[PDB]
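Novice: Order-wise, the sequence lines are chains 8, 1, 7 and 2.
For the first sequence, the residue numbers in the authors' numbering are 64 to 81, 90 to 141, 158 to 251.
For the second sequence, the residue numbers in the authors' numbering are 1 to 110, 195 to 406, 424 to 479, 483 to 590.
For the third sequence, the residue numbers in the authors' numbering are 2 to 26, 30 to 321, 335 to 715.
For the fourth sequence, the residue numbers in the authors' numbering are 2 to 45, 65 to 319, 338 to 359, 375 to 392, 398 to 717.
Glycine is no exception: its CB is placed at the ideal position from the N, C-alpha and C atoms.
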Amino acid sequence: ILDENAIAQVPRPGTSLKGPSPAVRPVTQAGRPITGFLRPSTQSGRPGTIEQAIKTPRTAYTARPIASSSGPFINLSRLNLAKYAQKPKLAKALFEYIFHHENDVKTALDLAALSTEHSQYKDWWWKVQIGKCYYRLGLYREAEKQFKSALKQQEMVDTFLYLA
Amino acid sequence: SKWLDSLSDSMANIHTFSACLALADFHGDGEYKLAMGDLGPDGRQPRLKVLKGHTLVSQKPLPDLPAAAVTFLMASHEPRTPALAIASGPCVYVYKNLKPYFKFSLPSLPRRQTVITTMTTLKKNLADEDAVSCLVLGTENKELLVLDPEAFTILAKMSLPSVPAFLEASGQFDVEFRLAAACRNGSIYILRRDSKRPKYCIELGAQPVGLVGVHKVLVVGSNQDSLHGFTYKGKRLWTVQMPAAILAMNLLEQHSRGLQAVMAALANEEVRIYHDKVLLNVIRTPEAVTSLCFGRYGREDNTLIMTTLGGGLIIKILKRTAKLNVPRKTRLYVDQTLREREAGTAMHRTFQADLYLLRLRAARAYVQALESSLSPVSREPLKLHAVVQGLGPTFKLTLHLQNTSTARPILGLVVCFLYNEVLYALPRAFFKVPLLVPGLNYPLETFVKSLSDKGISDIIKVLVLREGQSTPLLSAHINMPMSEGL
Amino acid sequence: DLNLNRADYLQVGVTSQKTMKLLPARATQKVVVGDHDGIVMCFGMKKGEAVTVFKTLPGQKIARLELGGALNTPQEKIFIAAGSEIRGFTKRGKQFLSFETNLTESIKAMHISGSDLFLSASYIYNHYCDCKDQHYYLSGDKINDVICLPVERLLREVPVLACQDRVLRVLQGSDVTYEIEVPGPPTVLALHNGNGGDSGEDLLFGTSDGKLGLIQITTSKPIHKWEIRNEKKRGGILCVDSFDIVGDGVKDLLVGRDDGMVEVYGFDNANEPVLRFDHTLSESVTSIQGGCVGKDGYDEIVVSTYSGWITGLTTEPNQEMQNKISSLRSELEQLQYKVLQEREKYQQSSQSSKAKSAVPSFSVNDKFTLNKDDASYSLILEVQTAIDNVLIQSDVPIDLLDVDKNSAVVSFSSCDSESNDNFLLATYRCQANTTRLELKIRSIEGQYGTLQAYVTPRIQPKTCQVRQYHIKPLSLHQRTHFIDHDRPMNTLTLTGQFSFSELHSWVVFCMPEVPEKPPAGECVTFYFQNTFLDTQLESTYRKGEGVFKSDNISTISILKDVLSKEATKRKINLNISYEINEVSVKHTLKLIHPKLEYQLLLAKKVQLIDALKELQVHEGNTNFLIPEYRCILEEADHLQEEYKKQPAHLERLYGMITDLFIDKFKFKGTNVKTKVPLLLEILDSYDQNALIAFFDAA
Amino acid sequence: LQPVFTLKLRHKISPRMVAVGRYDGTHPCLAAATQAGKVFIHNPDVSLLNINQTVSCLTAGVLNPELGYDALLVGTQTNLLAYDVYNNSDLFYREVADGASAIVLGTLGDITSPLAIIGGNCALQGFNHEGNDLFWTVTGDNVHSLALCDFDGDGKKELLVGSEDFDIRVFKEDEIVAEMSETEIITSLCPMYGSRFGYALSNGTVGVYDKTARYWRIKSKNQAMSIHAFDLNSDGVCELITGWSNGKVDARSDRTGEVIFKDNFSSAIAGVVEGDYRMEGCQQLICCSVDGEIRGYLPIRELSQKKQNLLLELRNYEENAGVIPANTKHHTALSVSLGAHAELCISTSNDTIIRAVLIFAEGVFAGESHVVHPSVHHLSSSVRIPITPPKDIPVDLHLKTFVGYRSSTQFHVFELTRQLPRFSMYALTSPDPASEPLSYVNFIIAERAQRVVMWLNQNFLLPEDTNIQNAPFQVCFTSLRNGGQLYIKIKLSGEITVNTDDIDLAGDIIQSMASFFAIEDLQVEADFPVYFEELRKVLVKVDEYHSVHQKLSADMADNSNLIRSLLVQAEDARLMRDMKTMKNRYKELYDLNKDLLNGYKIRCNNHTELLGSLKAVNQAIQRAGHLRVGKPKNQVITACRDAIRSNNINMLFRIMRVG
Ligand SMILES: [Ca+2]
Ligand SMILES: [Ca+2]
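1. Taking the alpha carbon of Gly394 (chain 1) as the reference point, which residue from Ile401 (chain 1), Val373 (chain 1), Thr431 (chain 1) has its own alpha carbon closest?
2. CB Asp104 (chain 2) to CB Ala91 (chain 2), shorter than 8 Å?
3. Which one of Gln680 (chain 2), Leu341 (chain 2), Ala485 (chain 2), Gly312 (chain 2) has the shortest CA to CA distance from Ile342 (chain 7)?
4. Do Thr487 (chain 2) and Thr536 (chain 2) count as a contact pair if the criterion is CB distance below 8 Å?
5. Locate the beta strand (DSSP E) running through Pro531 (chain 1), then write down its first and last residues.
6. Looking at chain 8, is there any beta carbon in it that lies within less than 8 Å of the beta carbon of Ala612 (chain 2)?
7. Can you give me, in chain order, the residues of the stretch 10 to 21 of chain 2 that have a beta carbon less than 9 Å from any beta carbon in chain 1?
8. Using only alpha-carbon positions, find the residue among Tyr273 (chain 1), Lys280 (chain 1), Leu503 (chain 1) that is nearest to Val304 (chain 1).
9. Tell me, please, whether the stretch 245 to 260 of chain 2 touches the stretch 285 to 293 of chain 2 by the rule of three or more beta-carbon pairs shorter than 8 Å.
10. Would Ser88 (chain 7) and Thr105 (chain 7) qualify as a contact pair, given that the criterion is a beta-carbon distance under 8 Å?
11. Using the Cα positions of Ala271 (chain 2) and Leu2 (chain 2), report the straight-line distance between them to the nearest angstrom.
12. What does the alpha-carbon distance come out to for the pair residue 51 (chain 2) and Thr639 (chain 2)?
13. Short check: CB of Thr94 (chain 7) to CB of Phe100 (chain 7), under 8 Å?
14. Using Cβ-Cβ distances below 8 Å, what residues of the stretch 494 to 506 of chain 1 are close to chain 8?
15. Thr444 (chain 7) bridges to which residues according to DSSP?
16. Relative to the alpha-carbon of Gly316 (chain 2), which residue among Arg298 (chain 2), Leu349 (chain 2), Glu199 (chain 2) has its alpha-carbon at the smallest distance?
17. Measuring straight from C-alpha to C-alpha, what distance separates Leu417 (chain 7) and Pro187 (chain 7)?
18. Check the Cβ of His27 (chain 1) against every Cβ in chain 7 and list those closer than 7 Å, keeping chain order.
19. Pairs of beta-carbons, one from the stretch 586 to 604 of chain 2 and one from the stretch 483 to 500 of chain 2, closer than 8 Å: are there three or more?
20. Using a Cβ-Cβ distance cut-off of 8 Å, determine whether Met586 (chain 1) contacts chain 8.
21. Just to confirm, does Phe171 (chain 2) get its C-beta within under 7 Å of one of the non-hydrogen atoms of ligand 4?
22. Name the residues in the stretch 425 to 446 of chain 2 whose C-beta lies less than 7 Å from a C-beta of chain 7; which are they?
23. Taking only the alpha-carbon atoms, compute the straight-line gap between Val57 (chain 7) and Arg96 (chain 7) and give it to the nearest angstrom.
24. For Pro531 (chain 1), go through chain 2 and note every residue whose CB falls closer than 7 Å to its CB, in chain order.
25. Assign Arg460 (chain 1) to one of three DSSP states: helix, strand, or coil.
26. Ligand 2 heavy atoms versus the CB of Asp251 (chain 2): any closer than 7 Å?
27. Opposite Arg509 (chain 2) in the DSSP bridges: which residues?
28. Quick one: grab the DSSP three-state call for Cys302 (chain 2).
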């Protein structure tokens, strides 16, 4: 509801995302009849207001209960990313750790920025990682930029999937 | 495409109806202006607006809301500049030169306040535009007044079986005049000469949204979204349905062609009708049009002015150049009907065995649910389900409890909550239940609070049971969602 | 509605006020016009074109031109009055009258009733009965026009007389009978019918700011039938006439403003007028008449403008434009060749030492008036030719506010004010063919001085004509007829060995609208009013003393300063004393308060209008915003256009409050120039009670 | 004439951001920006589009001629968005990082695809349908208006760049053909036919130029908010329909510029565009005001007054048979003086007073003129006027001096025209070896040292005592805008060495020397240490500016996500009337807004500093290129661009020094 990023507001029917009839195929919402495969990204509709969303079963528009927004090994504040980003053998593994285990997209993006600085901007992996960090932070155009800049360097399946 | 849009304005306020929207050269020198007596946004500021070309030039304030504003002629010998007669309550205002000129009032007959609700004019001798036109009016007090073309003497009072809503008139005064008054009581009445009672009624079945008089046949638009063509005699001739709600209609005309059809405004942003032979009156519009007036505006003879719902203003110039889906059965179907044709007895026996086992297991699980009172629907007719609303460390748990019986209340009931006293904090676990009136849903709220500092969910059971007894009449279960709190 | 399409007739030289007349000769009437060049020409439209019926060799400046007959005979005898005489021609041009009527300076008005003559002057007024001196009068104020009621529909001979100080002095014989009040200086007045009204006599005057009235003057009391007070059409009423254009049949009123507007009023109400035709002419429409001059049968208006373009507006509506422009092609060929010939001749004569370059003198029609609704003078220049540029040089802090109707382009030079005296230097260019130039000048309360205007026309030998105007010290006051005597009046009395002429000339130098001629009586009282905030300045003075009672306090200070300065300019050694009421300063503060409050409220509203629009663009502003801001949304345009001027009002009010503080404590005795900035932040906070406490405490 | 149609739109249009074009292919529509970073499309209702960014240039055109639909290019100050509309897809989305101040769409010269050439702060980029940077160059200052006009025939359209430097530069792809020195920032440009194009400044002066020749111009009181060539009387020759600040829409001729058609709107004029709108196979004239009123059109006494003025002049010349002598003449000497001003003394021939002086010059003054007005006690036969032009541009002073006596009402107006030559402030002095600027450029010239001396006398204010022998010689000049120094050294070998510490001064001198000797190519050996060190400092700082902005944007995205979560949570707590938790959410929202506002302040501060640094870099590349005439210019420009895209700063300075 509160994140608006689509350019158009009344796009032509057929050019935006926003069969058996409900007399045959069951439905989860008014439209979007039941599917055959649940991925953790299926929507099957969109709740209009915030009142319409809190007052609805928590797994009506998602494949898991809907939210309001979407000892330790090493201490993130302690280690200085400026030092790890000088050596990529440690840098890539440590970034994967910070981004996928600790889920701290900010320190991850800091490490990725420093590491891309070090590698002089000519390796697609750090570009795709920065793009993933941006996409997590909600900046879809600053992430599209990095995915596009990575596709120009090495065309790989992952970059096409991220960019789509 | 058959119209040239001269002006399609979107954000000027104009709220008038096709009865109070008249066009004439109220000043002279052969150039036509458009008078519209409108109430403004609502019944606050009725102001006669005059339009000349593309933009407003003057809005005269009115005392009350104009029920109509009709233009007629007032000089048979050497016609002068015609004036505009507007109506407001018991007052009729004659405006010569679009200036406040004269005021006449209805004869107060037992203060008792009367109102005029519709005006329409009718010719005198020759049935042309160069002759004079006698006025017709309808009142809320059940009268219809045919007056001299200049409104200084009452010429014909007439009684109406019901309050009128729309008027129309045909014919010549002395020879014969036909006064079609479409009333609010769901009917029309054609009043003719020397009627102590109107003597002519016609049913339609509802209240009409308008009417149009073509040369011979008469047209009426039904509130149920249709057009019905009658004859003046009283016999229905033809009917047609409209794909939207009829907002307003008027009498289109084109003397260089001879086509005289109906302009029906619809709620689907369209004007649409099927004439006798040709397919005309087909025009779209951004916003639903509420008033229409086809006439000679400025200098051209085929202008069409329209006022839509949300104010606005539309001007269109008319150009003079006017099998079944039976499925397909693949090889799988034939192979399997073959295996059933050969070995149907094994399938039948194994299905009967599996069905006996299924009845056994279902009776087993049903007896267990009866035993543990786990059913939220099962004398003592009750039903209960629970809803959790909220995503934070506090949830509104609302129990919808309903007594489902013909007529008997349920007095002694209580609700208990069985929960984890570590994870959840319910203020009132046990509470009584009001007298459940049969047929009514009682929503009983509670506030659960997640006490777990991490994200830990757990079930919450709700037992509805009588006070005296100790066996739950029924139970409900609620999987409390994750905290998402702190 | 009236649509009198325009048409042009012969163009004559530059003309004065009401110097065009329609001789009836229902056929086309024939026009007669004067000119600043002595030519007085009569002509007419025959079949659409002009014919010079007759013309007189140039003499003096034709300041007035009326038509009358000796008896009640058809009034065809045309009387003009050029310098100080009166010439009189018959309708065919044969002269029959030459009255010397030797005056002092010149003639600026005249009226003929049969043979009776009423001729005015700067101050002198005379009445003759067939050139025999019968009555004389010397009004203390300038005269604008003179009229006489119809001595036939009425019995006696009671001539009205319009004075420039907003009083109609209805006099009989050689003494004033009584007075009438009029809002605005009356410049024209005429009987509002071909006879003067069915109800005996009826006057119809027009003022200088634009206003008309129907003062019916009885034997001893004037009754105001009604009045037109201009609502949006400010301008000097130069000429009026009665004529029935609309089909109502009785009669209508035609009036010509100074900016060019030509208005028509009808009396369908039987008491009140209504406007029918409002059309501008881009000059000073100096004379108006109704009738038919060409293509008889159709009614029309004939208007003579300032440059001499005798145009008409007719009632009836290609192959003529090309014809006129081809005739003009021939004319331009011949005339351009002739003028280039003597252009080269004059250049050939530009190498001789004995030779001396003459000058092409021209006439400018300036009008330096004071607007009352605002506090801004309105300077209006006019030239018969087209202006090439106008310079505006000043010695006073002055705000040349740009007006909308203007089209010139300004260039404010970087005035010094230290090496020279130029506190302001501006330049308007008028890069078109412009005749008139209207421009605002906003003055401050205490500063005074000269204001020059260098006007250059588009005549080939280029010349610049300088015109000087005066910004008086108290240049924001204006004369009124009465004051309130209950308000706190901080009086000031000065006594010395000056004469009456000296004190009167000082007051003229200080007060805006006082006539310079020392009044006869040696004891004179002028009641003024401050046009920015209502504070009167009742000034009563004699040969020996002067008293100036004024609601305001700062006006007393300015009067004291300027009067002492003049006395020391002549070394009179006057003594000045003053008496100040303690509630007067609080009263002036109570007057100033609402304006400051309104300005600050408007500022705090324009602070929010922007964000409010930013939100309504998204939401629509019908469902989320509390109407305390929906009001702001509806008034946004007004808020913006008035915040365009808000800071000027703020600076004026702040300077005024500062000077009021200074002068209050100066009359108390001390100087507070140290604490002068200390009140600025108080004004920025502006608690009314705290402000008054600041005034009375420190 | 009369508006063929008139529609009132429910939104407020942005001034220059209006375009029209067929977006469905067979249905023209009107695109126009709006406040709150939106764009609406009138289809024949209105369809909105969320840019969420202050548009600065909008345009429709054919970006790929394979299909027919028109792309909609919405240039934000920091973006660029081609956007198919019939499909909710975009043709590309680039970030220019310099700006989008003016955009024009069309085929450049000798390029095979319709570009999307754009312009911001000292930058010019042109893209294809895919978004590839094909065209790139750098101009003097900020670009305010671009146009695609075809000079010198050849059929291949060049580009017109209206800089804030007051100039109109014509850029053939990779070249700079000509420049036209105007007087104000060129805020509108439009091509009519061939090499005719109309320009609109900020003085309000609208004009028409043919291949560097100006046919006409007016200077009104309002500002031309838009101009557009369009035929209105059906002659083939198109008029120049301009929309003024008050609402006056005027269609004027192009041969002389006299008003043919006139109309008025309710508010200021935003856009005037051409395009079929009623679907009847004929182009029209759509005019859109700021208030949202759009309307579509389809295609005497003054001469008698001037005749009467001729008669008046006849009368004046015949009557002779405030008077003044007939041999009165004005001698004006334009010198320079230190004790900071180019002095112009106007003097009369014989005891006649110079009462007031009007100077009409283009951009030298604040305003359009300058009035000297000596006080009554300062009236003499001579008056000295100080002038301080802000740019080394030759200007023509149109003097109108008033001659007359001490007490007069009508003075004579003697008109004159003098010229402040280019490089007027710099005054000839004596050399000071202690304060000679260490910066220097050397280059070669053809011959004729005396021709260079005549160049000096033409483009400098030398005193009359001067004299220069053919031997090698040094001429020094103290600047009068600042106390700088200039040293021109002409060697006997025919070499030239300019020793000014200002680089723009060296560029101006070398370019004037080139254009004076009809030179098509020139290469310099240049060195400006003081400027180069500062440029290196800025280039160093740019990277850290980038990093700080990245970190701040990350943090602000985090906090914005937090704030949206808290909005949802507060709505939830309020829907169950739980007021303690609702008030706690509202407190947390207040605190987060305070922190985010601090972050916004610091981010915008660093961002404006970043824009300053980028403009410094681009202007430095342009200053390097501008120092060399001809084919070396774009060579140095592209070389520096490639040396900065690879962060090879040392190579950048190497190619700026000698290359
Ligand atoms: Ca070319
Ligand atoms: Ca043409």
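Specialist: Taking the definition as stated:
1. Looking up residue 394 (chain 1) in the second sequence gives position 310. Here the closest residue by C-alpha is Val373 (chain 1).
2. On the fourth sequence, residue 104 (chain 2) is found 84 positions in, with the first residue counted as 1. On the fourth sequence, residue 91 (chain 2) is found 71 positions in, with the first residue counted as 1. Contact annotation: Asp104 (chain 2) and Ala91 (chain 2) have beta-carbon atoms nearer than 8 Å.
3. Locating residue 342 (chain 7) in the third sequence gives position 325, counting from the first residue. The shortest CA-to-CA distance from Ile342 (chain 7) to any of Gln680 (chain 2), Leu341 (chain 2), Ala485 (chain 2), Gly312 (chain 2) is the one to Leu341 (chain 2).
4. Here residue 536 (chain 2) corresponds to residue number 478 of the fourth sequence, with the count starting at 1. Here residue 487 (chain 2) corresponds to residue number 429 of the fourth sequence, with the count starting at 1. Note that the C-beta distance between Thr536 (chain 2) and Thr487 (chain 2) is below 8 Å.
5. The residue you call residue 531 (chain 1) lines up with position 427 of the second sequence. Going by DSSP, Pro531 (chain 1) is part of no beta strand (DSSP E) at all; its letter is neither H nor E.
6. One-based indexing of the fourth sequence puts residue 612 (chain 2) at position 554. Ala612 (chain 2) counts as touching chain 8.
7. Cβ contacts with chain 1 come from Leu10, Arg11.
8. To locate residue 304 (chain 1), count along the second sequence from 1; it is residue 220. Shortest Cα-Cα distance from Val304 (chain 1) to any of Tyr273 (chain 1), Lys280 (chain 1), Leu503 (chain 1) involves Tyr273 (chain 1).
9. Touching, yes, given that three or more Cβ pairs across the two stretches are closer than 8 Å.
10. Translated into positions along the third sequence, residue 88 (chain 7) becomes position 84. Translated into positions along the third sequence, residue 105 (chain 7) becomes position 101. Closer than 8 Å, so yes.
11. Residue 271 (chain 2) sits at position 251 when you count from the first residue of the fourth sequence. Residue 2 (chain 2) sits at position 1 when you count from the first residue of the fourth sequence. A straight line joining the alpha-carbon of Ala271 (chain 2) with that of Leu2 (chain 2) spans about 11 Å.
12. For residue 51 (chain 2), nothing is modelled; it lies in the interval where chain 2 passes from 45 to 65 with no residues in between.
13. Residue 94 (chain 7) sits at position 90 when you count from the first residue of the third sequence. Residue 100 (chain 7) sits at position 96 when you count from the first residue of the third sequence. Yes, they are a contact pair.
14. Hits within the stretch, in order: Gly494, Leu495.
15. Looking up residue 444 (chain 7) in the third sequence gives position 427. DSSP, once it has assigned bridges, lists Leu408 (chain 7) as partnering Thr444 (chain 7).
16. Counting from one through the fourth sequence, the residue named residue 316 (chain 2) turns up at place 296. Comparing Cα-Cα distances from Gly316 (chain 2) to each of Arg298 (chain 2), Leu349 (chain 2), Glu199 (chain 2), the minimum goes to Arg298 (chain 2).
17. Working through the third sequence from its first residue, we reach residue 417 (chain 7) at position 400. Working through the third sequence from its first residue, we reach residue 187 (chain 7) at position 183. Rounded to whole angstroms, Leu417 (chain 7) to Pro187 (chain 7) spans 27 Å at the Cα level.
18. Counting from one through the second sequence, the residue named residue 27 (chain 1) turns up at place 27. Within chain 7, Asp2 have C-beta atoms less than 7 Å from the C-beta of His27 (chain 1), given in sequence order.
19. With a cut-off of 8 Å on Cβ pairs, the stretch 586 to 604 of chain 2 is in contact with the stretch 483 to 500 of chain 2, counting three or more such pairs.
20. Residue mapping note: residue 586 (chain 1) aligns to position 482 of the second sequence, counting from 1. Closer than 8 Å to some Cβ of chain 8, the Cβ of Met586 (chain 1) qualifies, so yes.
21. With respect to ligand 4, the structure offers nothing, as its ligand set consists of ligand 1 and ligand 2.
22. So the close ones are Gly425, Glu426, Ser427, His428, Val429, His431, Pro432, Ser433, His436.
23. Here residue 57 (chain 7) refers to the residue found at position 53 of the third sequence. Here residue 96 (chain 7) refers to the residue found at position 92 of the third sequence. Cα to Cα, the separation comes out at about 8 Å.
24. The residue you call residue 531 (chain 1) lines up with position 427 of the second sequence. The premise fails here: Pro531 (chain 1) is roughly 13 Å from chain 2 at the closest Cβ pair, so nothing lies under 7 Å.
25. Locating residue 460 (chain 1) in the second sequence gives position 359, where the first residue counts as 1. Note: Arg460 (chain 1) maps to helix in three-state DSSP.
26. Position 231 of the fourth sequence, counting from 1, holds the residue named residue 251 (chain 2). Answer for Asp251 (chain 2): yes, Cβ within range of ligand 2.
27. Counting from one through the fourth sequence, the residue named residue 509 (chain 2) turns up at place 451. Beta-bridge annotation (DSSP): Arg509 (chain 2) is not paired with any residue.
28. Here residue 302 (chain 2) is taken as the residue at index 282 of the fourth sequence, counted from 1. Residue state, collapsed to three classes: coil.
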